[PDB]
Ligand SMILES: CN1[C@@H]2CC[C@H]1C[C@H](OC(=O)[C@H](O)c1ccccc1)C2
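Only one chain comes next, encoded as structure tokens, the form deposited without the named molecule.
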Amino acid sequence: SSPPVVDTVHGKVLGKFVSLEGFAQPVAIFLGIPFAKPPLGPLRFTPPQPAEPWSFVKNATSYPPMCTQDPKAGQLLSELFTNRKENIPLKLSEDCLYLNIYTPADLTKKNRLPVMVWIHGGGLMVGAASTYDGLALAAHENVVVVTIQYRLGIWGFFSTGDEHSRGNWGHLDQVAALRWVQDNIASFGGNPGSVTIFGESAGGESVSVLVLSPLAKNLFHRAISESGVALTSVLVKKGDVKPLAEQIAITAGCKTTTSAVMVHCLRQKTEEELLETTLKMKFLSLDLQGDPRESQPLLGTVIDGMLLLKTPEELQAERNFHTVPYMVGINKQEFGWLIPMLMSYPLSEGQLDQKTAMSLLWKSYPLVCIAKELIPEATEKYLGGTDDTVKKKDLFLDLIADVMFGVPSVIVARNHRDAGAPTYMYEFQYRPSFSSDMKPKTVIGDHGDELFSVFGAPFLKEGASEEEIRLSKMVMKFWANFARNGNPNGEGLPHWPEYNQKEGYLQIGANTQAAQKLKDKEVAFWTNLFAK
């Protein structure tokens, strides 16, 4: 087999052919194709620039580096979320603005297959594109799968709240990667006219943000947010960000005389220096002691007036923006195992009481943002069922799982619906065999669990039962169908009701059946409590 060579604006790319069990046409794969100029030196904390064109044939045949992040934390999430047999270790580097392509098309002739661009999660602090192999998806549903990478942590979200460092560089990288798709994907058998953006968690939030940004208008045609939206305050830094900026500057050892001075100084530091600072800050771990409101937050999406002209809560109440089919969905136990574990959540006992509950939730303020004078009312409505200390822990996890993902998600879907745009919702409730051993077997539909079915882990890994194997096939159909027509339906698949007034949504799992009114009670209770 002679390597697939594609011609792109910036030059030619050389890839490799990989065949998948049960498919005639081997999939053409490309790794580490640059879509932007390396954000080094003076390019740090600025919008991504076009990639410099190359003279000969570029070998897109080596997994690219994952943006600088906590290597330990990074590699772990890669392992837990990956869908490939063996996990692929990755190197760090500021030089990370790359994207991988998986095309099943026969490059020998013209092809305009729907394109699906994936934005990985990791709370904007960690993650990589290489973690997800788009082999199965491409072959199984005949779509072009593109996994993109974007600036994380300080490198992609540091903001002085002014024109010296607006922020949201990570998000600008996403929009930059999307343009590349529009100008080149046709060379890989893709249809720049049928691009669908889908991500999980932080990636879900990103898709949520892009669906709102005037900078993305016309860059995609359908969107999927998996367990993550923009109303999810945790990732969106509203209010004056200046204070957090100065805090970072000082930790890195810089004067805070003026914004421009901070930025200039941070541009002076080395990758290693910013990483150490990144770690002293302990952004991914939750601070137990101290004041709930003080415990340093983090850094993420901001309202720069470029990507976002205003907070998401506001924007969504404005039906004058360009709309597109939008699928929003959550898992059964978003806060089941994964997240708590990675945050080192205080759940050693496996039990709880009305007191600790009101105490853990308060300290969990940097996550669920709940006023202390509200703590009780909330703690009661949930943990008031039985007296079982164990039944309590579980309801508490639901409590949180509804605040971060449940309520926000349904709300977003509602508004999008009311906006007059095609909307679909779903609740994934399954337990993949590819779960971690340290995961209690009772936890079903945990954070990220649907990833294995969406990316077809069953056709790359081992031990998947016929049930699981078919659950995956089923899901890819849905996703691919949506990608094709902005409607998940297709012959041979359960019927997926459109999310309208009836609020019909689809429950996916062992038995995939349609239902209605998702987290309706939940949305109600919280819409009020928060209104104080």
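Heads up: residue numbers just count along the shown sequence, starting at 1. If you superpose the two forms and keep the largest set of C-alpha atoms that fall within 1.5 Å, you have the rigid core.
> Return whichever of 125-133 and 432-440 has the greater mean Cα B factor according to the PDB record.
According to the PDB entry, the answer is 432-440.
> So 41-49 or 490-498, which one's hotter by mean CA B-factor in the entry?
Averaged over C-alpha atoms, the B-factors run higher in 490-498.
> Have a look at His221, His322, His416, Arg267 and flag the one whose Cα has the highest B-factor in the entry.
The C-alpha B-factor peaks, among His221, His322, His416, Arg267, at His322.
> Out of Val209, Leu215, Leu299, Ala421, which one has a C-alpha B factor higher than all the others in the entry?
When the deposited C-alpha B-factors of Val209, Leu215, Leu299, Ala421 are compared, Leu299 is largest.
> What third of its chain, lowest, middle or highest, does the C-alpha temperature factor of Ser259 fall into?
Tercile = lowest for this residue's CA B-factor.
> Which third of the chain does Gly193 land in by C-alpha B-factor: lowest, middle or highest?
Its C-alpha B-factor, which the entry lists for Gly193, ranks in the lowest third among residues of this chain.
> Report the third (lowest, middle or highest) to which the CA temperature factor of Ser409 belongs, ranking only the modelled residues of the same chain.
Middle third by C-alpha B-factor.
> Lowest, middle or highest third: which one holds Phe81 when the chain's residues are ordered by CA B-factor from the entry?
It belongs to the middle third of the chain when residues are ordered by C-alpha B-factor.
> When the deposited Cα B-factors of this chain's modelled residues are ordered and cut into thirds, is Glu349 in the lowest, the middle or the highest one?
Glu349: CA B-factor falls in the highest third of its chain.
Heads up, the form deposited with the named molecule bound isn't pictured, but that's what we're talking about next.
> Suppose contact means a heavy atom within 4.5 Å; in the deposited bound form, does that hold for all of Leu77, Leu235 and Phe405 with the named molecule?
Spot residues vs the named molecule: full contact, yes.
> Any of the heavy atoms of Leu298 lying within 4.5 Å of the named molecule in the deposited bound form?
Flag for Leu298 set to yes.
> Is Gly350 near the named molecule? Define near as a heavy atom within 4.5 Å, in the deposited bound form.
Heavy-atom contact with the named molecule at 4.5 Å: present for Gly350.
> Does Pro340 reach the named molecule in the deposited bound form, with heavy atoms at most 4.5 Å apart?
Close contact exists here: in the deposited bound form, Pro340 approaches the named molecule to within 4.5 Å, heavy atoms only.
> Residue-level contact is defined here as any heavy atom of the residue lying within 4.5 Å of the named molecule in the deposited bound form; does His416 satisfy this criterion?
Although the named molecule is absent here, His416 would stay clear of it in the deposited bound form, with no heavy atoms inside 4.5 Å.
> For the chain seen here without its partner, which of 209-217, 320-328, 191-199, 394-402 has a heavy atom within 4.5 Å of the named molecule in the deposited bound form?
The contacting stretch here is 394-402.
> Please identify the residue among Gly456, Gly122, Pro312, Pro114 with any heavy atom within 4.5 Å of the named molecule in the deposited bound form.
Result of the distance check: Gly122.
> Could you work out which of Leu460, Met281, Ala73, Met358 is the residue within 4.5 angstroms of the named molecule in the deposited bound form, going by heavy atoms?
If I apply the 4.5 Å criterion carefully, the residue I get is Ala73.
> Only one of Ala371, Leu92, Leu298, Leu107 shifts by 2 Å or more at CA between the shown form and the other one when the core is aligned; which is it?
Comparing both forms, the shifted residue turns out to be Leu298.
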